[PDB]
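Once you've had a glance at the structure underneath, I'll fire off some questions.
Should a chain be cited, it is by its letter among A, B, C, D, E, F, G, H, I, J, K and L, assigned in written order, with residues numbered from 1 in that chain.
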Amino acid sequence: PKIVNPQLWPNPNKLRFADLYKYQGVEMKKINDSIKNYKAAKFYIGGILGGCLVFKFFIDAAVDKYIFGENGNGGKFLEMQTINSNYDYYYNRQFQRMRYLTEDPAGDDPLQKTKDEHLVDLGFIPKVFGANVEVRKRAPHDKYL
Amino acid sequence: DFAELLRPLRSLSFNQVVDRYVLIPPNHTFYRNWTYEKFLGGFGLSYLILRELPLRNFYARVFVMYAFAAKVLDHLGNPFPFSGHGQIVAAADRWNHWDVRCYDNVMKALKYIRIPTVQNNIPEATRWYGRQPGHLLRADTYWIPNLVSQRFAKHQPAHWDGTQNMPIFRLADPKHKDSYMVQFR
Amino acid sequence: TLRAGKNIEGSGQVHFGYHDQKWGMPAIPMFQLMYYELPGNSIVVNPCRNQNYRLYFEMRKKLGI
Amino acid sequence: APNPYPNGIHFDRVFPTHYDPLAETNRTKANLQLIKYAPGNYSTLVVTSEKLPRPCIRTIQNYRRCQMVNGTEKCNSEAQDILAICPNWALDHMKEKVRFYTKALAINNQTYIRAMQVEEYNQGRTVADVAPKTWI
Amino acid sequence: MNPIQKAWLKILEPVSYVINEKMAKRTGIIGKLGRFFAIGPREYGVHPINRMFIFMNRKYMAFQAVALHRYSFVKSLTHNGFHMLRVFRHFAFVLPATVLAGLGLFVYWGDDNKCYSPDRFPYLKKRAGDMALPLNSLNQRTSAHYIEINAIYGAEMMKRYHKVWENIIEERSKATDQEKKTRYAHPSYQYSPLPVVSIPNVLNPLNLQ
Amino acid sequence: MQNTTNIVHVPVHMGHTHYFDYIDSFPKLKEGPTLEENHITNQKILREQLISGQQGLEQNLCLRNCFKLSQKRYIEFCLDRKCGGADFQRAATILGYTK
Amino acid sequence: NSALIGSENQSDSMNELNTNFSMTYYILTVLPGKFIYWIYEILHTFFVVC
Amino acid sequence: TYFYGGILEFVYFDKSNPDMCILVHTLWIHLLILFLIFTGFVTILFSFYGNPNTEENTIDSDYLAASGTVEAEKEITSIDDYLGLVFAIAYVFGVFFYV
Amino acid sequence: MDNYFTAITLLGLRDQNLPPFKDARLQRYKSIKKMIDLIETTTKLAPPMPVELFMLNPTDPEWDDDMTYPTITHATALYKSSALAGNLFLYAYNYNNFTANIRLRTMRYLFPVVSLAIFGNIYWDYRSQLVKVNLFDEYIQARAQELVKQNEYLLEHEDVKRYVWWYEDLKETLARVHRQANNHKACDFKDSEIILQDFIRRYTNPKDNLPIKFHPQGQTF
Amino acid sequence: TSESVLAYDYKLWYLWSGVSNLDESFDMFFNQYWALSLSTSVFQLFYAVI
Amino acid sequence: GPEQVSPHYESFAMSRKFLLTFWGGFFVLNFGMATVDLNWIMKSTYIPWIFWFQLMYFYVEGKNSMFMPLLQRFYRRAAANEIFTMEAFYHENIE
Amino acid sequence: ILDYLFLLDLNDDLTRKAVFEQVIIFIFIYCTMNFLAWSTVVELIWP
């Protein structure tokens, strides 16, 4: 396309100064060489995309085989394996029971709880209980850990 | 106008309203985030076109790119990398966080701003739930003993015993005998 | 921690008081062979979650699907 | 996004700014050396509750079920399972709920007494003395 | 120069006439503005990113040719072609296999591309607004079955309550004021009539169905 | 108080290793049957339940679903309405809730 | 924090929704306006003190 | 709450719900940034396109590579074979020199 | 400042304007003090209804599965597809070398094998995720309809009718409440106290030690 | 933890403004029953209690 | 790109030493204001700083006045300096 | 259709080995290292 020239200065003569006009051409020449590679690669890229289209139908049947199995009850998707020995497994279960029985000291802030002085003035005189010194904390079944 | 907001409801019965607007059949296959990918991704596509402006003066295009960067920084915020996050205000719908509604700690982190008390501590219930160890994969190539030893380990089928907490891997705890080399900081 | 309800005076992890500090791993091969940082991508959902799909396969056969 | 509801809580950095949320229409942005505003630009005050552990819930359901079927006198073992399996923080939460609802019960009943108190201008008046008038 | 720059020139042809022909050759502020925004071929219009790719592509490709152009391990087993004693023949396919694995360098980048990310811990931190969570957050979860099944169950039971609700309101409309105040009343309550007032019986205050 | 302070109710044993701190063992930790031995054990229980424990199951499931209600008066309504008019104490003995 | 590299001041408006009611294209309209007033403040000061 | 809940606590309910947008083009930009960093690593330390006699970076790398390949005259085996093993071995003992 | 709309309505701000002087205005604020205690008490007399009506019991052992949400990582599949397309461009850009230079024969021969294996992984994950989402959607719909037909009978209990009759009694009572005077005194709702006290006396026993008794399904807030 | 980090990220904000009729955060009940209680009716006080 | 030829009479750095000093300290303060835990980074860097400097002192600097010179890198500079000189006289030698 | 195609799975790789996700990291590093080393040797025959 034509480029509008403000004509603020005269351009150098092309015959006297030829090097000043060459860069634009060699730049588009590089792109033309790249397009020759893009066009020549149509069958190679298309053959791969065609293979993916055929591979798509085998992957569909393999996923349903992987998930549903032979008789629709579940395939290898339901399988899970491990490298833990029998001791490693029962160590982890006891580690779960230990963390269940791992508490922090002091509990919560008592000042954020209902005061006994407030209950008296509200009409309910609270009864003082003793500490339950006979109960032993234990871990629940493994299904709850 | 308050009666105009209820126009699509006056022609329907209650059963039709519930089936129309409440009991939308579940379909979690849509790419809902394509709206954001198209919008924010347009900045990159616009740059591909804008980087070819025939403005002869280099410093003229410096002004154009600066103006275009001003449009992006209204969302991105911090121009430096690894510094912050962009800010986009999105619409509130029933499908916000739809795939993480199961997790409780995600809800507490998003919704609740707890008030610290005089006894300045995390609530004891929260600390107790946090000590129940998470599951950490046994596969590890970062420790050179496991990188060698696990090449001779035999993966045995872990038969399901009816629970959801089978510790078939190691536990994400600094005191676990298989995780002590991991730095929990 | 602040959002969880614990106000924080000061900053950092160089505890001035009676607490254990955990400096960064010394960037020397001795400590780099004994330790490695916790990879968050290794904390996973327990695979027993996949056993809930057994309910789907049984419901499909009950409904004649 | 709307202007956050006016909040006087702020934290100074270099000098006391005497921040007044009612002095300006739009809240000025927080500069690092000037001020930090309170958390929750868009937040309200609610009441929440922690969820007791699942094994602790199961022991409570076992006690209540065994209570309505066999009576309280034959539920000591189920009561001991609650004290043993439920973590101590859960038992402290269970103990505090009873004390709160005891307080709320006395407050609701004091409102009852003030409401049901017959004033001096309503002595001897019953529903027969009410005029046949509605809100309009 | 590239075709995208030529496409800009066709569209900016009227703009090029206003700036270059008219504004550029004037004087004053209008002249300075036109000469500054003159339209044409770009000064310093080279794209370094495009040039960065061409360089790294050519440099990495020359490495592929060296690593892939190896003497066969299989052909050296018979001691009949070009190789009698090759004590490191078992290393011949390590460089080619390494280069072929580089094809998935960008396909598998980061953690999310090597696994199902929603089953990993970092996905939870992203959905919480890039916020730190306890390491066992993936375990303390309510059943997704409950959340979705209860949402459907509640709305389905609301439609059946609406039908029962209509039959109760209609049946209570035909009830005497004595009956609607003594039924479901406390046993200690003695009924005393109120003056008869006119109060409409509106099902839905908003004109809904 | 030290931020890393825990109170544990069961005995633990710490490792006497340099540069590391962890629980290496639990005192008197007995290993039960393996995951495979437990699986075979459960298959035998599930097999007998599949072959010989499916008759009259619909009635017992209704009694179980009724007893998961909040109030007793709703349980009695569930038993009378859905379970063919069963008795509260009689169904509680079937399910094994009676002492 | 929008001008800091790797800010750790997470409680200083970093994790908040911060919108404004000024002109958009901030670094093009509002921020240059603050620098235009800054140049005036120092040019007026130089003229007065000198 | 009374039977299966904890204490009623007052918290501030954040109405703003943040969520990191899982996008595609953000990783493209991230790769472009790491590509600039890796190219700068190659541009400074692995660029041998200039004066090979004045740039000490190519003087060191050229003469060092030539001193290694000339050791093929020691008659160990095909240098084309074990040259890749030298590079891997250089990262075992090169830990001493922080390579 | 709770019971805002009730207090504003009792003051008459819905139909008129307050007196412009602080004396009569501040007396009018204190005049609704008795009525607020009455209306607060009425709202705490609602009879209970089955909680298993519009909400499944979350403590049911059925929900111990702790099932997660199966999702499709659209962004991951789209990125890896573009990275695979980037490899196809890298081959096309360098077609002449990969095709004619024999030193790159192994890339020419095994590029499609790696590309198919890469596509195989991208589509496998997408296809498997799609199957799991469809299995999840069809189960929650089928299971929900089974639980509806199982608990439909609970709507036939009389507690539902007792609950609605109480609500309609409150509506008719609050409609009869009216302002009687404008003396800015508590006696401006003189007849309304008798109406609301008769409502409270209708569902409670005033001559008890605790007229409002606590039950786990009661009204506190 | 230490995982993959991106150089630039965007954070969405599903703001519950309650003043936008474009999304599901618009409380239709509060506005309809508040506007209903503004008009003079016999149930004007009952709507305030609801 | 090609050699970035400057048309000025002084270099850019020497003409803006005051201004570059401002932005240099601005980004130092920027990092310092952003890094709340800079003392933790300093202490975590102490061991590797001591270790790598005491381990590599001899091979970098100590060799120049102690047991062995290790002149391998110098030999390559001297060979290049002679090749540079030969290229400088390529015209005379070939003529 | 065959079970050999199950090797394309990465959603449930944590159920079997979870080793693929870490080994390829070394392979990508190993290719980067050999790229820097081999290109230096072959290119630097030109001086």
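In this section, a residue touches a chain if its C-beta (ideal position, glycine included) is under 8 Å from a C-beta of that chain, and two chains touch if they have at least 3 such contacts.
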item	value
Reaching chain H from chain E through chains that touch each other, fewest steps	1
Topological distance between chain C and chain F, in contact steps	1
Innermost chain, taking as reference the mean of every protein Cα atom displayed	B
Two chains sharing the most contacts, counting C-beta pairs only	E-I
Centroid spacing, where centroids are CA-atom means, of chain B and chain H in whole angstrom	27
Centre-to-centre distance between chain H and chain A (centres being mean Cα positions), rounded to whole Å	22
For chain C paired with chain I, centre-to-centre distance based on mean C-alpha positions, whole Å	30
Where chain D and chain J are represented by their mean Cα positions, the distance between them in whole Å	22
Shared interface positions of chain C, touching two or more other chains	2-3, 11, 25, 34, 37-41, 43-53, 60
Per-residue multi-chain contacts in chain F, two or more chains	6, 20, 23, 25, 35
Interface hub residues of chain H, defined as touching at least two other chains	2-4, 6-7, 9-24, 27-29, 33, 42, 52-53, 84
Partner chain E, residues of chain A touching it in the complex	1, 3-8, 24, 27-28, 31
Complex contacts: residues of chain D adjacent to chain F	65-66, 68-70, 74
Touching residues on chain B, where the partner in the complex is chain H	33, 36-37, 40-41, 44, 81, 85, 88, 90, 92, 96-97, 110-115, 123, 125
Interface residues, chain G side, partner chain B - complex	1-7, 14, 17-19, 24-29
Chain K-facing residues of chain H, complex	52-54, 56, 59-60, 63-64, 96-98
